[PDB]
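Q: The structure's right below; bear with me while I get my questions together.
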Amino acid sequence: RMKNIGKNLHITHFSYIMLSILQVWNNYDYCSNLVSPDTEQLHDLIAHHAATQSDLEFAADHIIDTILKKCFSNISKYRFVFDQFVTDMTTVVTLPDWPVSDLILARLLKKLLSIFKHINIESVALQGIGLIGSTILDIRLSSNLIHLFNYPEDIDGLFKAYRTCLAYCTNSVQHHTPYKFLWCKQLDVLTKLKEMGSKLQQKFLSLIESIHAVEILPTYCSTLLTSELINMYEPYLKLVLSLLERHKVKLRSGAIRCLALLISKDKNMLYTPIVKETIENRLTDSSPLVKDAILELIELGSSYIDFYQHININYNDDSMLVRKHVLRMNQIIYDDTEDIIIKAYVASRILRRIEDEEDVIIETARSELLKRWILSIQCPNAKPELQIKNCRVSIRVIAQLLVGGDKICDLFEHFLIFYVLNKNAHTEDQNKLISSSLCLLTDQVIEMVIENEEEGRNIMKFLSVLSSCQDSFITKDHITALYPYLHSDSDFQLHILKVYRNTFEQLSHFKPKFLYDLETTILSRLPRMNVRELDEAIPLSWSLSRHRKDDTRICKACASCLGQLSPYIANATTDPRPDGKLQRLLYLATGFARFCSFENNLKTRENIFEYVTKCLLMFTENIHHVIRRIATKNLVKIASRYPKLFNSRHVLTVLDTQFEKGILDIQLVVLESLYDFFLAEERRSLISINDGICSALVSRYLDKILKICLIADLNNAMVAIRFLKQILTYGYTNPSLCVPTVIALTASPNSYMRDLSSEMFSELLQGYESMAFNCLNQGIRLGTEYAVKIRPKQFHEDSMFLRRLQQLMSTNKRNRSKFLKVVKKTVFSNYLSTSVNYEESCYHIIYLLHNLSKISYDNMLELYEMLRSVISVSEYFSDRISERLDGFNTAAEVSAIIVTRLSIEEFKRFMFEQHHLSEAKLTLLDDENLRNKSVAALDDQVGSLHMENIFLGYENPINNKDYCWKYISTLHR
């Protein structure tokens with residue numbers, strides 16, 4: 001049973017009648033018979049309309065109350081009498097036939113907002129309130145009274161809009177009191193203005209004077225923007241946004257549906273400050289499913305380019321779901337904006353996802369970059385001139401992308417070499433398009449640099465990456481056109497040299513006149529070039545040498561270089577200094593020696609590289625420190641190209657001298673340079689090889705390299721451990737020479753070293769299990785010594801060294817007890833034996849005792865048998881302290897023994913507290929022992945040893961007479 005209205009619309013009879021009844025609460029009958037403009041009978045009229053309003057406001061409240069209290073008593077049966085009511089009101093608000101409805105919804109919305117009671121109510125209220133909010137926005141979009149306060153101009157226009165709606169009323173159906181009540185809303189706006197002189201009164205009087213379907217909807221809605229209803233929009237908006245933080249899922253989800261409805265009706269919503277702020281806040285601090293929900297809401301607008309920076313907070317989120325979502329939106333942003341710095345930003349995050357745990361996300365990230373940068377260039381849909389315009393934005397984007405990040409450049413080069421130009425990754429038609437597209441792309445890269453002569457030098461960096469490809473698409477006419485800008489001068493010159501160096505190793509048959517003038521330009525500027533461009537120009541000069549089939553000019557530049565050294569080698573056979581010019585000419589002389597390859601020049605018969613080493617040996621401890629470094633660095637670099645030099649007693653005695661004398665800046669360059677040699681060895685075993693020489697070098701310097709891994713300065717220690725890594729994987733040594741050092745490094749407080757160590761040790765465990773166990777002893781000892789050495793005051797803060805080893809190594813019946821047997825032998829044979837000097841070892845014993853607290857003894861017997869042993873050692877120490885004060889410089893040893901005794905005591909007390917633990921089970925031997933083998937144990941943190949019980953507030957207890965006295969005071973108490 002529902003009642004017909006105009007356009008096939010029904011309402012429950014209850015609401016139909018009730019709205020009819022409340023619309024008689026009006027005062028236009030008073031107003032109509034009022035003829036004379038009695039200034040005294042007008043302020044009378046306001047008191048009667050104000051009475052009419054507060055009355056039916058009270059009446060509206062009380063009907064709103066009872067309906068709710070009835071619906072919310074059993075929110076299981078009356079669902080759709082509540083949702084029927086809200087659907088009735090929202091239906092009729094847009095009609096001038098029913099002007100009281102705006103009041104009803106206004107006070108209904110007030111009461112539902114105050115609910116935010118059982119979730120069954122809240123979620124039902126939450127849906128109705130979303131329907132009310134929805135239609136508030138409907139009205140507001142179709143074609144404002146504090147606005148009238150400032151500009152009373154538009155009060156005239158407002159009643160004009162009313163006048164049309166009253167005109168519309170007259171037509172149909174039973175319209176008498178609808179016209180009436182609607183008329184009094186005109187009088188209503190003016191009394192709400194006076195709430196805030198005679199400018200309203202004459203408008204008031206001229207209204208009293210004037211009593212003698214979807215085309216109106218925009219106009220009628222214009223009147224409703226003065227009402228209370230529409231002005232409740234923002235407090236409703238403020239609420240639903242706040243609901244995105246509530247813990248209850250049905251509120252959050254109901255909030256999502258509320259905003260989804262709003263955003264799809266008005267899309268500029270997202271940028272209104274209140275929602276923008278909340279969306280941005282929820283993207284940082286929220287769960288994965290709320291983050292995804294916020295991202296889907298953003299997606300409901302038209303463009304959301306401005307949100308790009310907050311969207312990508314979660315580009316690397318832990319959730320695959322959110323990572324997939326952000327990737328999808330980075331694509332839309334990229335295709336939407338025309339801004340290069342935006343495109344490169346979002347493309348950077350797409351490119352980063354080619355390294356991802358999910359293979360699906362990889363192929364998505366790869367394909368969409370390939371589609372956009374490569375295959376887009378030759379679209380079946382022409383024209384050609386749009387094609388190059390797409391080509392150029394791609395170049396601008398990539399060039400900007402390559403600016404900044406070493407990581408992102410490596411990712412781009414990987415994407416280019418191992419995906420784009422990998423013909424097994426694509427179909428045959430695609431490889432054709434890729435080859436065609438890249439050809440046109442590199443050509444446009446060239447045109448863009450020449451036309452340009454921060455964009456330009458970034459494009460030149462891109463060109464060098466393209467040039468380093470297998471078969472580049474740079475041609476002889478391209479490299480001819482670039483020649484003017486090899487002369488003119490930042491890193492622009494290094495990159496163009498790269499392009500030349502690489503292209504001349506690929507193209508052949510150049511014009512001889514161009515080859516000649518290029519060879520002049522390079523060899524002229526060789527003196528004034530830095531090291532990194534020499535490492536390109538000198539090989540390029542050699543390439544030009546062979547293209548010319550003429551080596552005379554390269555030799556002339558080389559001999560000129562060696563001549564300029566003759567003053568310094570003369571002053572090297574005497575002695576002092578260096579400054580600016582000698583440095584770059586040792587790099588230049590070395591440069592020639594390694595990249596060429598000529599044989600003869602005009603001084604003494606020789607090989608040029610043998611001459612250059614003899615000069616370098618002259619600068620390798622008399623000579624100034626900064627030049628020896630460069631000389632020794634370059635000497636190893638030459639020996640890397642001619643490994644037979646590593647047999648010379650002269651150069652070896654140079655390497656000998658630098659490893660022992662220990663200076664860190666020289667030692668470092670020796671280590672990286674030798675490291676580069678051993679890496680080159682591996683690359684060339686995967687295709688000359690020289691295993692005997694490398695084994696010779698390992699046998700001499702391995703001892704000293706292992707030492708550098710455990711020194712304090714991590715510059716040398718990092719290069720050393722990476723050197724050691726290469727030595728192991730290639731297999732020059734028996735692994736056991738290195739495993740003690742790798743175990744030791746797992747004790748590092750440094751994050752990188754401790755991680756890098758543990759995978760190397762995991763790697764050696766699978767390959768050589770039983771050998772690693774034979775090295776566990778020395779590993780522990782070098783471990784504790786290293787730990788204590790780096791952090792002398794704070795080493796004890798890491799008690800998990802031995803436990804990390806136990807978890808790595810104890811994955812077996814026999815392995816779990818072998819690790820325990822070794823740890824027991826080490827502690828007692830090496831640290832608590834009579835051969836130990838406790839002055840040197842007390843801090844080591846402390847570090848260990850911590851770690852022995854957090855290991856797992858597997859069963860109670862191994863644990864109880866342990867404390868049995870340490871207490872025996874403790875009482876032993878007690879007897880030896882009792883022998884000292886039993887007859888009194890000797891403070892050093894007693895302090896060391898006191899410290900070591902208290903350490904054992906603190907250990908035993910901590911173990912008793914944290915585990916069980918009973919003196920009664922401890923003191924008794926013998927069935928009862930096997931009754932302890934069958935109870936189990938592991939441990940946690942929980943907390944560490946109390947060190948106040950060992951140091952007794954002393955500094956530095958060792959050789960501290962006050963510390964000794966304090967302990968002695970605690971004996972004869």
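Convention: chains lettered A, B, ... in structure tokens order; per-chain residue numbering from 1; ligands numbered from 1 as shown.
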Which residues, written as a PDB file with C-alpha atoms, in the first residue's frame, have at least one atom at most 12 Å from residue A:485, with only C-alpha atoms counted and residues fewer than 2 positions away on the same chain left out?
A:
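Ended up saving to around_1.pdb:
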ATOM      1  CA  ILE A 446      71.267  12.744 -32.426  1.00  0.00           C
ATOM      2  CA  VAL A 449      71.603  17.199 -29.308  1.00  0.00           C
ATOM      3  CA  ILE A 450      72.687  19.040 -32.476  1.00  0.00           C
ATOM      4  CA  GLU A 451      69.540  21.189 -32.442  1.00  0.00           C
ATOM      5  CA  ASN A 452      70.192  21.966 -28.766  1.00  0.00           C
ATOM      6  CA  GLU A 453      73.654  23.361 -29.562  1.00  0.00           C
ATOM      7  CA  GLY A 456      70.980  18.513 -23.631  1.00  0.00           C
ATOM      8  CA  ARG A 457      73.664  16.903 -21.452  1.00  0.00           C
ATOM      9  CA  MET A 460      73.877  12.856 -24.295  1.00  0.00           C
ATOM     10  CA  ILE A 479      79.264  10.417 -35.602  1.00  0.00           C
ATOM     11  CA  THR A 480      80.319  12.910 -38.288  1.00  0.00           C
ATOM     12  CA  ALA A 481      77.530  15.307 -37.296  1.00  0.00           C
ATOM     13  CA  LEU A 482      78.566  15.139 -33.622  1.00  0.00           C
ATOM     14  CA  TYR A 483      82.214  16.026 -34.335  1.00  0.00           C
ATOM     15  CA  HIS A 487      85.674  20.369 -29.603  1.00  0.00           C
ATOM     16  CA  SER A 488      83.331  22.613 -27.639  1.00  0.00           C
ATOM     17  CA  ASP A 489      83.174  22.372 -23.850  1.00  0.00           C
ATOM     18  CA  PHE A 492      79.180  16.109 -21.569  1.00  0.00           C
ATOM     19  CA  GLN A 493      82.653  15.426 -22.974  1.00  0.00           C
ATOM     20  CA  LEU A 494      83.041  12.100 -21.157  1.00  0.00           C
ATOM     21  CA  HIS A 495      79.770  10.879 -22.679  1.00  0.00           C
ATOM     22  CA  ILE A 496      80.530  11.934 -26.262  1.00  0.00           C
ATOM     23  CA  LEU A 497      83.920  10.228 -25.915  1.00  0.00           C
ATOM     24  CA  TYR A 500      82.954   7.655 -30.138  1.00  0.00           C
ATOM     25  CA  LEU A 518      89.559  13.450 -35.412  1.00  0.00           C
ATOM     26  CA  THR A 521      91.554  16.661 -32.008  1.00  0.00           C
TER      27      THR A 521
END
Q: Considering only C-alpha atoms, give me a table of residues in stretch 70-168 of chain A that are at most 7 Å from stretch 237-259 of chain A, with the closest atom pair and distance in Å for each, as CSV.
A:
residue,atom,partner,partner_atom,distance
A:123,CA,A:251,CA,6.3
A:126,CA,A:254,CA,6.4
A:127,CA,A:254,CA,6.7
A:130,CA,A:258,CA,5.0
Q: Can you tell me, as a compact mmCIF listing (two decimals) with C-alpha atoms, in the first residue's frame, what residues are no more than 10 Å from residue A:266 when counting only C-alpha atoms, ignoring any on the same chain fewer than 2 positions away?
A:
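The resulting file, around.txt, is reproduced below:
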# COMPACT_ATOMS: atom_id res chain seq x y z
CA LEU A 137 24.72 16.76 -3.68
CA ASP A 138 22.11 16.11 -6.40
CA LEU A 141 24.78 20.32 -8.50
CA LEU A 261 28.57 7.69 -4.60
CA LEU A 262 29.63 11.30 -4.01
CA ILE A 263 32.85 11.28 -6.06
CA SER A 264 31.22 9.79 -9.16
CA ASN A 268 36.39 17.69 -8.54
CA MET A 269 35.49 16.56 -5.01
CA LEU A 270 38.92 14.93 -4.59
CA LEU A 300 36.79 7.36 -9.66
CA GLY A 301 37.77 10.92 -10.56
Q: For a quick check of understanding, using only C-alpha atoms, which of A:696, A:832, A:867, A:205 has the smallest distance to residue A:648?
A: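 Ranking A:696, A:832, A:867, A:205 by distance to residue A:648, first place goes to A:696.
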Q: Could you give me, as an MDAnalysis selection string, the residues within 12 Å of residue A:723, counting only C-alpha atoms and dropping anything in the same chain fewer than 4 positions from it?
A: chainID A and resid 668 670:679 698 701:702 704:706 708:709 716:719 727:730 738
Q: Could the residues in this selection be written to a file with N, CA, C and O atoms, as an mmCIF file, in the first residue's frame?
A:
data_model
loop_
_atom_site.group_PDB
_atom_site.id
_atom_site.type_symbol
_atom_site.label_atom_id
_atom_site.label_comp_id
_atom_site.auth_asym_id
_atom_site.auth_seq_id
_atom_site.Cartn_x
_atom_site.Cartn_y
_atom_site.Cartn_z
ATOM 1 N N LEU A 668 94.404 0.366 0.307
ATOM 2 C CA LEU A 668 93.098 0.320 -0.346
ATOM 3 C C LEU A 668 93.224 0.204 -1.863
ATOM 4 O O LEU A 668 92.618 -0.682 -2.475
ATOM 5 N N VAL A 670 95.745 -0.737 -3.697
ATOM 6 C CA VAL A 670 96.298 -2.048 -4.015
ATOM 7 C C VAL A 670 95.196 -3.101 -3.981
ATOM 8 O O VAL A 670 95.105 -3.956 -4.869
ATOM 9 N N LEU A 671 94.330 -3.044 -2.962
ATOM 10 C CA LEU A 671 93.307 -4.074 -2.798
ATOM 11 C C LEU A 671 92.226 -3.994 -3.873
ATOM 12 O O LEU A 671 91.853 -5.022 -4.448
ATOM 13 N N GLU A 672 91.706 -2.795 -4.169
ATOM 14 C CA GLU A 672 90.718 -2.713 -5.247
ATOM 15 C C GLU A 672 91.332 -3.077 -6.592
ATOM 16 O O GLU A 672 90.705 -3.773 -7.398
ATOM 17 N N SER A 673 92.560 -2.626 -6.850
ATOM 18 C CA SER A 673 93.191 -2.928 -8.131
ATOM 19 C C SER A 673 93.434 -4.423 -8.301
ATOM 20 O O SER A 673 93.152 -4.983 -9.369
ATOM 21 N N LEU A 674 93.944 -5.092 -7.265
ATOM 22 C CA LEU A 674 94.072 -6.546 -7.333
ATOM 23 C C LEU A 674 92.707 -7.214 -7.439
ATOM 24 O O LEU A 674 92.556 -8.237 -8.118
ATOM 25 N N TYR A 675 91.701 -6.651 -6.765
ATOM 26 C CA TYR A 675 90.352 -7.203 -6.840
ATOM 27 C C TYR A 675 89.805 -7.142 -8.261
ATOM 28 O O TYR A 675 89.178 -8.098 -8.733
ATOM 29 N N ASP A 676 90.025 -6.023 -8.957
ATOM 30 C CA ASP A 676 89.603 -5.916 -10.351
ATOM 31 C C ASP A 676 90.296 -6.953 -11.227
ATOM 32 O O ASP A 676 89.691 -7.490 -12.162
ATOM 33 N N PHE A 677 91.569 -7.240 -10.945
ATOM 34 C CA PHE A 677 92.289 -8.259 -11.703
ATOM 35 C C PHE A 677 91.638 -9.630 -11.554
ATOM 36 O O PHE A 677 91.437 -10.345 -12.542
ATOM 37 N N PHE A 678 91.308 -10.016 -10.319
ATOM 38 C CA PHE A 678 90.719 -11.332 -10.091
ATOM 39 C C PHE A 678 89.310 -11.441 -10.665
ATOM 40 O O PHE A 678 88.884 -12.540 -11.039
ATOM 41 N N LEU A 679 88.575 -10.330 -10.742
ATOM 42 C CA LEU A 679 87.265 -10.364 -11.388
ATOM 43 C C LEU A 679 87.397 -10.528 -12.895
ATOM 44 O O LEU A 679 86.657 -11.309 -13.507
ATOM 45 N N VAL A 698 97.614 -15.324 -4.383
ATOM 46 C CA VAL A 698 96.765 -15.695 -3.256
ATOM 47 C C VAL A 698 97.596 -16.293 -2.130
ATOM 48 O O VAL A 698 97.387 -15.985 -0.952
ATOM 49 N N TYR A 701 99.506 -13.258 -0.250
ATOM 50 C CA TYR A 701 98.774 -12.160 0.370
ATOM 51 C C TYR A 701 97.458 -12.559 1.030
ATOM 52 O O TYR A 701 96.776 -11.683 1.571
ATOM 53 N N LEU A 702 97.077 -13.839 1.010
ATOM 54 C CA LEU A 702 95.800 -14.228 1.612
ATOM 55 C C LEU A 702 95.780 -13.943 3.109
ATOM 56 O O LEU A 702 94.812 -13.375 3.628
ATOM 57 N N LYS A 704 97.291 -11.689 4.784
ATOM 58 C CA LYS A 704 97.145 -10.267 5.068
ATOM 59 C C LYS A 704 95.767 -9.760 4.665
ATOM 60 O O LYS A 704 95.236 -8.842 5.300
ATOM 61 N N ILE A 705 95.177 -10.342 3.618
ATOM 62 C CA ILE A 705 93.823 -9.966 3.220
ATOM 63 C C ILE A 705 92.818 -10.369 4.294
ATOM 64 O O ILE A 705 91.920 -9.593 4.641
ATOM 65 N N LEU A 706 92.954 -11.583 4.838
ATOM 66 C CA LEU A 706 92.065 -12.023 5.911
ATOM 67 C C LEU A 706 92.122 -11.080 7.107
ATOM 68 O O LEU A 706 91.105 -10.844 7.770
ATOM 69 N N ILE A 708 92.705 -7.795 6.999
ATOM 70 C CA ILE A 708 92.052 -6.527 6.678
ATOM 71 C C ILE A 708 90.535 -6.637 6.801
ATOM 72 O O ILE A 708 89.854 -5.650 7.105
ATOM 73 N N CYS A 709 89.980 -7.830 6.572
ATOM 74 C CA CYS A 709 88.546 -8.033 6.762
ATOM 75 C C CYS A 709 88.097 -7.690 8.178
ATOM 76 O O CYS A 709 86.957 -7.250 8.376
ATOM 77 N N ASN A 716 88.572 -0.324 3.709
ATOM 78 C CA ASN A 716 89.446 -1.429 3.330
ATOM 79 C C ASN A 716 88.799 -2.773 3.642
ATOM 80 O O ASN A 716 88.980 -3.744 2.898
ATOM 81 N N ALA A 717 88.043 -2.847 4.742
ATOM 82 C CA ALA A 717 87.432 -4.110 5.139
ATOM 83 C C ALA A 717 86.369 -4.563 4.148
ATOM 84 O O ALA A 717 86.217 -5.767 3.915
ATOM 85 N N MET A 718 85.633 -3.621 3.557
ATOM 86 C CA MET A 718 84.622 -3.980 2.568
ATOM 87 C C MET A 718 85.268 -4.508 1.294
ATOM 88 O O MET A 718 84.827 -5.517 0.731
ATOM 89 N N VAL A 719 86.293 -3.813 0.803
ATOM 90 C CA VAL A 719 86.986 -4.258 -0.404
ATOM 91 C C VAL A 719 87.658 -5.603 -0.164
ATOM 92 O O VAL A 719 87.696 -6.464 -1.053
ATOM 93 N N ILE A 727 87.682 -14.912 -4.198
ATOM 94 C CA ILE A 727 88.675 -15.968 -4.030
ATOM 95 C C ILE A 727 87.992 -17.304 -3.754
ATOM 96 O O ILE A 727 88.386 -18.345 -4.295
ATOM 97 N N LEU A 728 86.960 -17.295 -2.905
ATOM 98 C CA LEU A 728 86.253 -18.527 -2.565
ATOM 99 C C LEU A 728 85.496 -19.089 -3.763
ATOM 100 O O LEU A 728 85.655 -20.265 -4.112
ATOM 101 N N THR A 729 84.656 -18.265 -4.398
ATOM 102 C CA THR A 729 83.802 -18.756 -5.478
ATOM 103 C C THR A 729 84.616 -19.286 -6.654
ATOM 104 O O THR A 729 84.242 -20.291 -7.271
ATOM 105 N N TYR A 730 85.727 -18.625 -6.989
ATOM 106 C CA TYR A 730 86.585 -19.153 -8.046
ATOM 107 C C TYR A 730 87.251 -20.453 -7.614
ATOM 108 O O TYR A 730 87.427 -21.367 -8.428
ATOM 109 N N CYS A 738 89.438 -19.606 4.908
ATOM 110 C CA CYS A 738 88.625 -18.400 4.942
ATOM 111 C C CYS A 738 87.432 -18.473 5.892
ATOM 112 O O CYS A 738 86.939 -17.426 6.311
#
Q: Smallest atom-to-atom distance to residue A:720: which of A:703, A:299, A:335, A:505, using only C-alpha atoms?
A: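 Ranked by minimum distance to residue A:720, first place goes to A:703.
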Q: Just list as a ChimeraX atom specification whatever in stretch 140-241 of chain A DSSP marks as alpha helix (DSSP H).
A: /A:140-141,146-150,153-169,176-194,199-209,217-224,228-231,233-241
Q: So that I have them on file, write out the residues from the current selection with C-alpha atoms, as a PDB file, in the first residue's frame.
A:
ATOM      1  CA  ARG A 140      23.601  21.318  -5.009  1.00  0.00           C
ATOM      2  CA  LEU A 141      24.782  20.324  -8.500  1.00  0.00           C
ATOM      3  CA  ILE A 146      25.478  33.895   4.469  1.00  0.00           C
ATOM      4  CA  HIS A 147      26.197  34.840   0.853  1.00  0.00           C
ATOM      5  CA  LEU A 148      22.990  36.909   0.897  1.00  0.00           C
ATOM      6  CA  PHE A 149      24.283  38.744   3.985  1.00  0.00           C
ATOM      7  CA  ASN A 150      27.131  40.195   1.920  1.00  0.00           C
ATOM      8  CA  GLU A 153      21.386  42.002  -4.665  1.00  0.00           C
ATOM      9  CA  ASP A 154      20.510  38.336  -5.229  1.00  0.00           C
ATOM     10  CA  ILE A 155      17.628  38.291  -2.733  1.00  0.00           C
ATOM     11  CA  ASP A 156      15.610  39.802  -5.587  1.00  0.00           C
ATOM     12  CA  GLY A 157      16.750  37.003  -7.900  1.00  0.00           C
ATOM     13  CA  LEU A 158      16.004  34.361  -5.269  1.00  0.00           C
ATOM     14  CA  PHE A 159      12.310  35.245  -4.908  1.00  0.00           C
ATOM     15  CA  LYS A 160      12.170  35.338  -8.712  1.00  0.00           C
ATOM     16  CA  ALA A 161      13.148  31.658  -8.576  1.00  0.00           C
ATOM     17  CA  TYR A 162      10.465  31.076  -5.940  1.00  0.00           C
ATOM     18  CA  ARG A 163       7.859  32.921  -8.063  1.00  0.00           C
ATOM     19  CA  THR A 164       8.439  30.375 -10.834  1.00  0.00           C
ATOM     20  CA  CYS A 165       7.984  27.414  -8.473  1.00  0.00           C
ATOM     21  CA  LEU A 166       4.783  28.909  -7.052  1.00  0.00           C
ATOM     22  CA  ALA A 167       3.632  29.435 -10.640  1.00  0.00           C
ATOM     23  CA  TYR A 168       4.388  25.750 -11.288  1.00  0.00           C
ATOM     24  CA  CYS A 169       2.397  24.725  -8.185  1.00  0.00           C
ATOM     25  CA  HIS A 176      -3.469  24.570  -2.360  1.00  0.00           C
ATOM     26  CA  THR A 177      -1.402  24.121   0.800  1.00  0.00           C
ATOM     27  CA  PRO A 178       1.780  23.179  -1.160  1.00  0.00           C
ATOM     28  CA  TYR A 179       1.731  26.610  -2.860  1.00  0.00           C
ATOM     29  CA  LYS A 180       1.046  28.138   0.554  1.00  0.00           C
ATOM     30  CA  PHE A 181       3.835  26.581   2.616  1.00  0.00           C
ATOM     31  CA  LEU A 182       6.256  27.161  -0.252  1.00  0.00           C
ATOM     32  CA  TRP A 183       5.245  30.838  -0.253  1.00  0.00           C
ATOM     33  CA  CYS A 184       6.120  31.153   3.448  1.00  0.00           C
ATOM     34  CA  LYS A 185       9.656  29.912   2.734  1.00  0.00           C
ATOM     35  CA  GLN A 186      10.157  33.304   1.087  1.00  0.00           C
ATOM     36  CA  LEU A 187       9.208  34.946   4.370  1.00  0.00           C
ATOM     37  CA  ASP A 188      11.474  32.379   6.087  1.00  0.00           C
ATOM     38  CA  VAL A 189      14.682  33.546   4.374  1.00  0.00           C
ATOM     39  CA  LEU A 190      14.207  37.144   5.537  1.00  0.00           C
ATOM     40  CA  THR A 191      13.703  36.278   9.213  1.00  0.00           C
ATOM     41  CA  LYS A 192      16.902  34.211   9.027  1.00  0.00           C
ATOM     42  CA  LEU A 193      18.705  37.284   7.660  1.00  0.00           C
ATOM     43  CA  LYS A 194      17.436  39.541  10.462  1.00  0.00           C
ATOM     44  CA  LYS A 199      16.358  47.224   3.356  1.00  0.00           C
ATOM     45  CA  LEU A 200      14.743  43.896   4.256  1.00  0.00           C
ATOM     46  CA  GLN A 201      11.518  45.594   5.387  1.00  0.00           C
ATOM     47  CA  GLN A 202      10.708  47.126   1.995  1.00  0.00           C
ATOM     48  CA  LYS A 203      11.526  43.773   0.405  1.00  0.00           C
ATOM     49  CA  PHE A 204       9.321  42.309   3.139  1.00  0.00           C
ATOM     50  CA  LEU A 205       6.526  44.730   2.211  1.00  0.00           C
ATOM     51  CA  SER A 206       6.810  44.286  -1.567  1.00  0.00           C
ATOM     52  CA  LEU A 207       6.350  40.544  -0.974  1.00  0.00           C
ATOM     53  CA  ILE A 208       3.139  41.138   0.967  1.00  0.00           C
ATOM     54  CA  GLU A 209       2.121  43.479  -1.859  1.00  0.00           C
ATOM     55  CA  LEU A 217      14.018  21.357 -10.966  1.00  0.00           C
ATOM     56  CA  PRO A 218      17.184  23.460 -11.548  1.00  0.00           C
ATOM     57  CA  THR A 219      15.336  26.596 -10.402  1.00  0.00           C
ATOM     58  CA  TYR A 220      13.629  25.018  -7.378  1.00  0.00           C
ATOM     59  CA  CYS A 221      16.998  23.642  -6.255  1.00  0.00           C
ATOM     60  CA  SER A 222      18.414  27.179  -6.416  1.00  0.00           C
ATOM     61  CA  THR A 223      15.952  28.050  -3.639  1.00  0.00           C
ATOM     62  CA  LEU A 224      16.949  25.035  -1.515  1.00  0.00           C
ATOM     63  CA  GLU A 228      19.433  24.101   6.632  1.00  0.00           C
ATOM     64  CA  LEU A 229      19.592  20.749   4.796  1.00  0.00           C
ATOM     65  CA  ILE A 230      22.181  21.711   2.169  1.00  0.00           C
ATOM     66  CA  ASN A 231      24.319  23.511   4.763  1.00  0.00           C
ATOM     67  CA  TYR A 233      26.692  18.840   3.738  1.00  0.00           C
ATOM     68  CA  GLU A 234      30.154  19.502   5.140  1.00  0.00           C
ATOM     69  CA  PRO A 235      29.530  18.175   8.703  1.00  0.00           C
ATOM     70  CA  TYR A 236      28.224  15.022   7.007  1.00  0.00           C
ATOM     71  CA  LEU A 237      31.291  15.004   4.745  1.00  0.00           C
ATOM     72  CA  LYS A 238      33.600  15.552   7.729  1.00  0.00           C
ATOM     73  CA  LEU A 239      32.009  12.517   9.414  1.00  0.00           C
ATOM     74  CA  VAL A 240      32.222   9.867   6.667  1.00  0.00           C
ATOM     75  CA  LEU A 241      35.875  10.793   6.118  1.00  0.00           C
TER      76      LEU A 241
END
Q: Would you kindly return, as number ranges by chain, each protein, DNA or RNA residue with an atom no farther than 10 Å from any atom of residue A:830, considering only C-alpha atoms and excluding same-chain residues fewer than 5 positions away?
A: A: 777, 781, 824-825, 835-836, 841, 845
Q: Using only C-alpha atoms, which of A:50, A:298, A:894, A:399 sits nearest residue A:345?
A: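 Closest to residue A:345, using only C-alpha atoms: A:399.
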Q: Taking only C-alpha atoms into account, which of A:864, A:315, A:373, A:951 comes nearest residue A:438?
A: A:373
Q: Between A:195, A:842, A:45, A:6, which residue has the minimum interatomic distance to residue A:171, considering only C-alpha atoms?
A: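 Using only C-alpha atoms, residue A:171 sits closest to A:6.
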Q: Of the candidates A:135, A:859, A:12, A:101, which shows the shortest atom-to-atom distance to residue A:85, using only C-alpha atoms?
A: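 When distances to residue A:85 are compared using only C-alpha atoms, the smallest one comes from A:12.
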Q: Tell me which protein, DNA and RNA residues are within 10 Å of residue A:112, counting only C-alpha atoms, leaving out same-chain ones fewer than 2 positions away, and put them as a ChimeraX atom specification.
A: /A:68,107-110,114-116,121-122,124-126,128-129,236
